[PDB]
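Results of the structural survey
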Amino acid sequence: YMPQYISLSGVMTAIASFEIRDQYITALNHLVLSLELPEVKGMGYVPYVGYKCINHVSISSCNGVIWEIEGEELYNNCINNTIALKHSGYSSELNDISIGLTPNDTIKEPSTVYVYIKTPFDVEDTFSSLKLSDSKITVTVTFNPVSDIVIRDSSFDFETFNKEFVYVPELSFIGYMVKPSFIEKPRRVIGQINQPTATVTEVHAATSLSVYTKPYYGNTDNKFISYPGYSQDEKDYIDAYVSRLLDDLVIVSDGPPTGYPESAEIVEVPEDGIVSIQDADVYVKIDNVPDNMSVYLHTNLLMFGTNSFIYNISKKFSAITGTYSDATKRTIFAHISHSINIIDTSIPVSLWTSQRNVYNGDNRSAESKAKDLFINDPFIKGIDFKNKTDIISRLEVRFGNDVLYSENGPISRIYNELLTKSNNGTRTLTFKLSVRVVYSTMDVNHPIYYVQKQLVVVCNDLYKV
Amino acid sequence: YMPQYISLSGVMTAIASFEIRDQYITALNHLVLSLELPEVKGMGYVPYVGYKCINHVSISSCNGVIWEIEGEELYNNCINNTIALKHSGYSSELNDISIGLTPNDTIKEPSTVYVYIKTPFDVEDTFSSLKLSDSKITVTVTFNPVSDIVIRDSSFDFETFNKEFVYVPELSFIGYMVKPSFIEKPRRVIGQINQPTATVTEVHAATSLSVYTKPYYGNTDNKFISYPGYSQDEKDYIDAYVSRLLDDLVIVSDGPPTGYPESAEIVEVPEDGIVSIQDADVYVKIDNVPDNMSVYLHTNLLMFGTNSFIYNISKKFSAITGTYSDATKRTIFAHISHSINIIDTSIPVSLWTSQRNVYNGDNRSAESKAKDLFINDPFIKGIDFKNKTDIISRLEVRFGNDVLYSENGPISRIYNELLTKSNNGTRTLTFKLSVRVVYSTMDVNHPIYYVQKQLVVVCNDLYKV
Amino acid sequence: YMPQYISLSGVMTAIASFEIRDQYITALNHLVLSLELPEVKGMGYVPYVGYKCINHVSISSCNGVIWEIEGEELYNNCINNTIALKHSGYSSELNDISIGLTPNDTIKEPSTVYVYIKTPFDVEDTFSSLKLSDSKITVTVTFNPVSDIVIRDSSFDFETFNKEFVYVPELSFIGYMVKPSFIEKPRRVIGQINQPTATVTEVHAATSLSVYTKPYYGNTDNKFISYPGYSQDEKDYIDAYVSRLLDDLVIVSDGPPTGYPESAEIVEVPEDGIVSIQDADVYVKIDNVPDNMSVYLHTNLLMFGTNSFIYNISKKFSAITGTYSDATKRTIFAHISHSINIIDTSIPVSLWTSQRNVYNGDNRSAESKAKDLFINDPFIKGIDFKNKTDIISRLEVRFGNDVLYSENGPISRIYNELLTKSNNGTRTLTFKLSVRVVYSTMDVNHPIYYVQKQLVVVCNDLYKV
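Residues numbered from 1 in each chain as written, not as in the entry; some residues may be left out. Chains lettered and ligands numbered in written order. Heavy atoms only, no water. Residues with missing side-chain atoms left out of burial classes, pairs and counts.

Here's the deal with the interface of chain A and chain B
One widely used convention gives an interface's size as the accessible area the parts lose upon coming together. To be explicit about the condition: Whether two residues are in contact is decided by their heavy atoms: any pair within 4.5 Å suffices. Elements are defined by DSSP. Helices are runs of H or I of four residues or more, strands are runs of E of two residues or more, and each kind is numbered from the N terminus. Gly is put with the polar residues, along with every residue not named as nonpolar or charged; the nonpolar set is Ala, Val, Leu, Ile, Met, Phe, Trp, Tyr, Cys and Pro, and the charged set is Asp, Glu, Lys and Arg.
Each partner contributes to the interface: chain A provides 23 residues, whereas chain B provides 18 residues. Among the elements of the structure, β20 (280-287), α10 (411-420) and β29 (427-430) of chain A are those that each provide at least two residues to the side of chain A that touches chain B. With seven residues, the top contributor of residues to the side of chain A that touches chain B is α10 of chain A. Residues belonging to the side of chain A that touches chain B are distributed by class as follows: 10 nonpolar, seven polar and six charged.

Concerning the packing of α10 of chain A against helix α3 (residues 82-89) of chain B
When two helices pack together, you describe them by how their axes are tilted relative to each other and by the distance separating the axes. Spelled out, the test is: Axis angles are defined between N-to-C directions and span 0 to 180 degrees, where every axis is a line fitted to C-alpha atoms and, for a helix, only to the segment in contact. For classification purposes, angles smaller than 35 degrees are called roughly parallel, those larger than 145 roughly antiparallel, those between 65 and 115 roughly perpendicular, and all remaining angles oblique.
Closest axis-to-axis distance for the α10 of chain A/α3 of chain B pair is 9 Å, and the angle between their directions is 155°. In this view, α10 of chain A runs roughly antiparallel relative to α3 of chain B, as classed from their interaxial angle. Here α10 of chain A contributes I414, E417 and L418 of chain A to the contact with α3 of chain B, which in turn contributes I83, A84 and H87 of chain B. Of the residues in the contact of α10 of chain A with α3 of chain B, the class split is four nonpolar, one polar and one charged.

Observations regarding the relation of the copies chain A and chain B
This is how it is decided: Throughout, superposition of copies is done by least squares over C-alpha atoms.
By a simple turn and slide, chain A fits onto chain B: the slide is 0.0 Å along the axis, the RMSD is 0.0 Å, and the turn is 120°. The transformation just described matches what one would write down for a three-fold rotation axis. It is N288 of chain A whose C-alpha, among those of chain A, lies nearest the rotation axis, at 5.9 Å.

A word on the interface of chain A and chain C
Across the contact, 18 residues belong to chain A and 23 residues belong to chain C. Among the secondary structure elements, those contributing two or more residues to the side of chain A that touches chain C are β1 (2-8), β4 (27-37), α3 (82-89), β9 (111-117) and β12 (169-177) of chain A. For the side of chain A that touches chain C, a count of residues per class yields 10 nonpolar, six polar and two charged.

Quick look at the sheet that holds strand β11 (residues 137-143) of chain C
Residues and elements named next belong to chain C. Just so we agree on the cut-off: Whether two strands pair depends on DSSP finding at least two bridges between them.
As summarised here, the arrangement of the five strands in space is β2-β3-β11-β6-β7, forming an open sheet in which the pairing is antiparallel. At either end of the open sheet lies a strand with only one pairing partner, and these are β2 (11-12) and β7 (64-70). One ladder, built from two bridges, connects β2 with strand β3 (residues 15-20); its direction is antiparallel. Bridge pairing in β3 places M12 opposite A16. Running over the sheet, helix α2 (residues 71-78) touches β6 (54-61) and β7 and is turned about 70° from β7.

Thoughts on the domain arrangement of chain A
Residues and elements named next belong to chain A. Put simply, the rule reads: The source of the domain bounds is an automatic or database domain assignment.
Looking at the assigned domains, one finds that chain A contains domain 1 (1-214 + 380-465) and domain 2 (215-379). Taking only C-alpha atoms into account, the centre of domain 1 sits 36 Å from that of domain 2. Residue composition of the side of domain 1 that touches domain 2, grouped by class: 18 nonpolar, 13 polar and 12 charged.

Observations concerning unusual backbone geometry
Residue and element names in this part refer to chain B. The test is simple: Using a 1.4 Å probe on the protein chains alone, a residue whose accessible area is under 20% of its type maximum counts as buried, one over 50% counts as exposed, and one in between counts as partly exposed.
Positive phi, normally seen in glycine, also occurs at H30, with a value near 55°. Its location among the elements puts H30 in strand β4 (residues 27-37). Judged by its relative accessible area of 9%, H30 is buried.

A closer look at the pairing of strand β6 (residues 54-61) of chain B
Residue and element names in this part refer to chain B. Where burial is concerned, most of β6 is hidden: six out of the eight residues are buried. Examined bridge by bridge, β6 and strand β7 (residues 64-70) share six bridges and lie antiparallel to one another. Its bridge partner lying in β7, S60 is registered against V65.

Section: the packing of aromatic side chains
To keep it simple, the criterion reads: For this analysis, a ring pair means two rings from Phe, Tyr or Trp (six-membered ring only for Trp) whose centres lie within 6.5 Å, classed as stacked if their planes differ by under 30 degrees, edge-to-face if by over 60, and tilted for the remaining angles. Over a ring means this: the NZ of a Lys or the CZ of an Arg is within 6 Å of the ring centre and within 35 degrees of the ring normal.
Tallied over the entire structure, the rule returns 63 aromatic pairs over all chains. Each ring, one from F143 of chain B and one from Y167 of chain B, has its centre 4.5 Å from the other, and the planes form 15°; the classification is stacked. Of this pair, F143 of chain B sits in strand β11 (residues 137-143) while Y167 of chain B sits in the loop between α5 (158-164) and β12 (169-177), and the two are 24 residues apart along the sequence. Judged by relative accessible area, which is 6%, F143 of chain B ranks as buried. Measuring from centroid to centroid gives 6.4 Å for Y405 of chain B and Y5 of chain C, while their planes differ by 90°, and the two rings are edge-to-face. Highlighted residues: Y405 of chain B in strand β28 (residues 402-407) and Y5 of chain C in strand β1 (residues 2-8), drawn from two different chains. Like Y5 of chain C, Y405 of chain B is buried. Among the aromatic residues, those joined into a cluster by ring pairs are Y48, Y51, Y75, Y90, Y230 and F379 of chain A. In this structure, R152 of chain B is placed above the aromatic ring of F158 of chain B, and the distance from its NZ or CZ to the ring centre is 3.9 Å.

Observations regarding the state of the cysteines
Put simply, the rule reads: In this description, the term disulfide denotes a pair of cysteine sulfurs within 2.5 Å.
Considering all chains together, one arrives at zero disulfides over all chains under this definition. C459 of chain A forms no disulfide, and the closest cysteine sulfur to it belongs to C78 of chain A, at a distance of 20 Å. When its relative accessible area of 0% is taken as the criterion, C459 of chain A is described as buried. Free of any disulfide, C53 of chain C has its nearest neighbouring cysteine sulfur in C78 of chain C, separated by 14 Å.

A look at helix α10 (residues 411-420) of chain C
Residues and elements named next belong to chain C. With respect to burial, α10 is a largely interior element, seven of its 10 residues being buried. Within the sequence span of α10, burial applies to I411, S412, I414, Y415, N416, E417 and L418. Following α10 by one or two positions, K421 adopts a phi angle in the positive range, close to 50°.

Things to note about the sheet that holds strand β14 (residues 197-200) of chain B
Sheets are built from strands paired through backbone hydrogen bonds, the pairs being either parallel or antiparallel. Residue and element names in this part refer to chain B. Strands sit in the order β14-β30-β27-β28 across an open sheet of four strands; the sheet is antiparallel. Strand pairing shows two members of the sheet lacking a second neighbour, β14 and β28, which therefore form its edges. Ignoring strand direction, the axes of neighbouring strands in this sheet form an average angle of 15°. For strand β27 (residues 392-399) and strand β30 (residues 433-439), the ladder comprises seven bridges, and the chain directions are antiparallel.

Examining a nonpolar patch on the surface
The condition that has to hold: Residues form patches when they are more than 30% accessible in relative terms and have no salt bridge. Like charges link within 9 Å. Nonpolar side chains (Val, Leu, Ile, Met, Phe, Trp, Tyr) link within 5 Å. Computed by Shrake-Rupley with a 1.4 Å probe, the accessible areas treat only the displayed protein chains as cover when residues are assessed. When a carboxyl oxygen of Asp or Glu is within 4 Å of a side-chain nitrogen of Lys or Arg, the pair counts as a salt bridge.
A cluster of nonpolar side chains, contributed by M2, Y24 and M177 of chain A together with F399, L404 and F431 of chain C, occupies part of the molecular surface with about 560 Å² of accessible area. Positionally, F431 of chain C belongs in the loop between β29 (427-430) and β30 (433-439). For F431 of chain C, a relative accessible area of 37% puts it in the partly exposed group.

Re the pairing of strand β31 (residues 452-464) of chain B
All names here are of chain B. Pairing of strand β13 (residues 182-190) with β31, which is carried by nine bridges, proceeds in the antiparallel orientation. Note on β31: the bridge partner recorded for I190 is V456. Looking at chain direction, strand β15 (residues 206-216) and β31 are connected through 10 bridges and run antiparallel. Following the sheet pairing, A206 is matched in β31 by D461.

Considerations on the pattern of salt bridges
Between side chains of opposite charge, a pair can form as their charged atoms come close. A complete count under the given rule lists 54 salt bridges over all chains for this structure. Where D372 of chain B meets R364 of chain B, a salt bridge forms, and the shortest distance between an N and an O atom there is 2.8 Å. For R364 of chain B, a relative accessible area of 2% corresponds to the buried category. Here the residues in one salt-bridge network are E70, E72, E73, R188, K214 and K381 of chain A, joined through shared partners.

Examining the environment of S147 of chain C
All names here are of chain C. Mapped onto the secondary structure, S147 falls in the loop between β11 and α5 (158-164). We classify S147 as buried; its relative accessible area is 18%. As a C-alpha pair, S147 and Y45 span 102 residues in sequence and 10.0 Å in three-dimensional space. The residues touching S147, leaving out its near neighbours within four places in the chain, are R152, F158 and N376.

Focus on the side chain of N29 of chain C
All names here are of chain C. In plain terms, the rule: Polar contact is defined as a pair of N or O atoms within 3.5 Å, subject to the rule that within protein one atom must be able to donate a hydrogen and the other to accept it, and that residues adjacent in sequence are counted only when both atoms are side-chain atoms.
Mapping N29 onto the fold places it in strand β4 (residues 27-37). At a separation of 2.6 Å, a polar atom in the side chain of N29 contacts the side chain of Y176. Those residues within four positions of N29 in sequence are excluded, and the remaining contacts are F121, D122, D125, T126, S129, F173, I174 and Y176.

Points about the side chain of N460 of chain B
Position of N460 of chain B relative to the elements: it lies in strand β31. With relative accessibility at 16%, the residue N460 of chain B sits in the buried group.

Section: a negative patch on the surface
All names here are of chain A. Filter applied, for reference: Positive residues here are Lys and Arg, negative ones are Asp and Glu, while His and the chain termini are left out of the count. Here the site of a charge means NZ on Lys, CZ on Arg, CG on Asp, or CD on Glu.
A cluster of acidic residues, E271, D272, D279 and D281, forms a negative patch on the protein surface. Its place among the elements puts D272 in the loop between β18 (266-268) and β19 (274-277). The exposure class assigned to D272 is exposed, which follows from its relative accessible area of 54%.

Here you go:
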């Protein structure tokens, strides 16, 4: 045999179609989709932008579909491949939130991303390769709306960007100029919103079953206070959020601070430095405060309650130190002691100002609210951005009416992670199927309780080729 | 066959026993121990807390022990498995040193850790699995005292914590409902304190020999000035230590600083900014110093000598810059130029104030001394927390009376690390055995010279199954 | 068989020769070269110092060369082996730029580095090992001048260091006391300076072809403004550079700042804080400025042009905030907003002050210019230190007169990286050969346009053993 890297352009309908047929292409594998990202001008991309574009991939012959996959499941299959993820687009250039100051300003420079479309034909290189029995093979890529792969504020003219944006793809593969086999086709079932059950029918020969949760943000405008950009650690998310709150939390002003809702409770800090918000004490000490000015603490920046308990973000701070700058008229914060977590950074702004909330909700300045970001990432899992919180308390799997498997702790996720050497595993059973979960309880007084959930069940069926 | 994840509770005696016997469990492998950590309340856990709990693991049948291992050797076998180590417990939640301010305050939230008990039955999955010849298999886990897995200060009521703490384990394994083999059983020999020799008797069929050193802290109270928490890099250890010394090293005071031992030599910094401690010059410059106050340098914060040479921590600083805060009455340090290393951060406080020391030793404030931490981690290697310093100068291995192997440089550690793709290797010979080492010399005037050492020799014997 | 780690000293001629012959050494593999680095005294090493020493390695028998490799190609073959690279020497101890203040001061402590000499005899351990047919095997290591592995300033007495420095090597290997095979011998061709073509003649049986670019710094003194040391990320390089410029960029002075060339345009910052450099606005605001002093902005710190466009480093800054220190008489910079990139940090100082430049070029203080570093790393790729910029726009490969392969985008680099699980791949064709590239265009007004390029083509030929 002789291998060759072959690249094809395709027809755009957003859906891209690529036709493979050549007297010398006997076999093929290792599909890679290229995407040309445009120059973005005017007044950031999600991490792994290339994978997030993909809605669905289908491989077909004259006899029909040979193999197909949902975009999220392809991404899940490549999540433990750092190289493939880097090629997708993961950089400060693509993923940091850039700002356009003038209508002619360049926000993002043009770039190319590469999406490794992992197929069952790559497992054993030439041995597993797709053979083309003088057949025409069609590769069909369905794209997600560009709204899903972009993080932006209200100021950005998304309407025009959406109208003008076009997917520019190219398909590459390793062709080979040169026995029956088996292939596993992933099948996905999504449960009804908040329903802790899902069923996979016609299970006759399954190699594995995976169970996970996705948040549903349909009851929101998909706006979040902060986003850390390229820096994706749990701490980066928390630091970006604390940073966004600080300029409204501690104010150096000549008289009571203006520009805040009437619902805002901004209190002058005593000589002591301690402000008491019920049971919580906040120690605030700012250096170089001008003589005509005082230090103020916003005691209800974000507040939620269903006369009952109050989830107050201002109460999550215990110490705030800094120095006022006479030159820039800002407080330059130094050390901050808080108890902010990954869940707080994952609360949509809509849930703070929801109908269930008896309070205003959001007592930030208009300047802070204008800086909020629309995040529509299509592959979010759990109830937080890092999928850190495990919300499944118990899992039961039934084969027919009999209990096939049951667990409390995620011991099936621990084994998945150990056996596949992955740090991003799911509750998986490796070998009809009915899945029932018991969700963990977060307070009814926590805004996160109101994030909608969807149960996802993935089944891999065995097929003869 | 058909695999199944089976979980068992066990009997507590601290020793946990788990009995495996089922007409359908034909074979098993991949043992995982779960541990429920309690809520810690009142006025941090070691990294890889789950592995550090284990004292010994034994697998037995009616015919006796099939396989057994010392806790440290199990940990050593899993040290290159990042996933297994993460599952053990390695997070900011578990490993950062948290503070309890009131008797009802929550220091640590409850959590579950998972310990992968790597056995010779996992190497080739089903091919290497332990077969149960209608036999009852007993798994016995011996636990370390909780004192070993916890990092705390004097203020923490350890007495009550120890009395109330209980190990809550559960054993999981992959069971299989379905020829003679060979297995390697690790055997460990620990030399006499400071003795540079150790012998393994009855060596007939060994697959490998490993040699390493452990510090012995019996001549101390196991108290250290600092600990970096979850951040475990060499730099994190050094930064945590420098940070702890700084508030006693440079003092902004109205008149000579009070609250220090009479042995303390606190000198006013000249207009020049340079203080000379013998041959060492320390440049100290603090901004916003009040008119009624002066800048002072502690010239003997920690001092050790056996009229001879002096190991002085204050002499390890060349430049200290900062700004005094009128609001908090503290110096907010900016840039620090020092020559502090990993060894300095690994010196037990006991060795500064030892009988060999002709000086007081420890001239820190009572506030600083109260913040010291008890560290009893059972798996420490070398003479520093990172096992960075190689203290073996030469190694000789004898098979009977003949020299089997000898080396100066750790070329056997370099090969171990290259061949096993590990960054945490030991001097290893891969294939009676007498090991003799020559230890490197650190100054007799260095407190670290007085850290006791133990030679550890691990031998893997071949057994027929 | 029985394996043994054998170490040999060798003869120094710089060229080291090692002779292997023993009645009991039947086979061998896994060559490791040890190097003793000396104590460096007076008034930093390149990362992977051990690999950068090697110019060439040759393995010979009585019948001639068995296998040989160029130092850069050995390094390229080991670039995806983190362990081997660490052993080479990659630490803060070796790679941070240390300073000697007195002629008796220790800049670097002595150390040992280990260079894994990867050979085709290591692929399948004993199966691929080199068999010694009662033959004498000679290993010849040719070393690079020490000038290549050292990063230093003008103050360092390199002349004396070079005269006194000696390579102290030792060769280790795994010997074994105990059918025809095939081995791939790498062959490298370097094109003429700036020539976008290269040819490999006598190609009869090649397993692969790799193509990459190297900068040629012969038209320079090999001096760069900054180097980040051990911290090697793109951001570390950028931060080190910004940091070096800042003290000349914003000056707090009593009257117009002195000590700058007459070509320097240092402007007083208005009360507004905004300085306009043509189309670019720089916001500069410094706190605690003494009453007798003003804030100045260097508006042409580094300037390049061929009455035309100007590449001005001062125009790459949009916001500079800080606080003046009365104690140290320095500005302590806080937040900086700039558009500095990896290319700016990779510009040799010679290109700023080149004949093509109609401007002075370099309007920094003498203090800043004295801090410049000589970097002679022999394995640099592309036109920047991180090899981030892809300067090949199109690649064409011809086998005879026929086009074997052609590409625009680096799809052959993407496949190399995916198939070899490497994040440091090259445009590679895996299976006479003529390579032609089209280089991308950077502005003629950019100093980087004048960095000389060399096309490198690597061919692996099949040999029978």
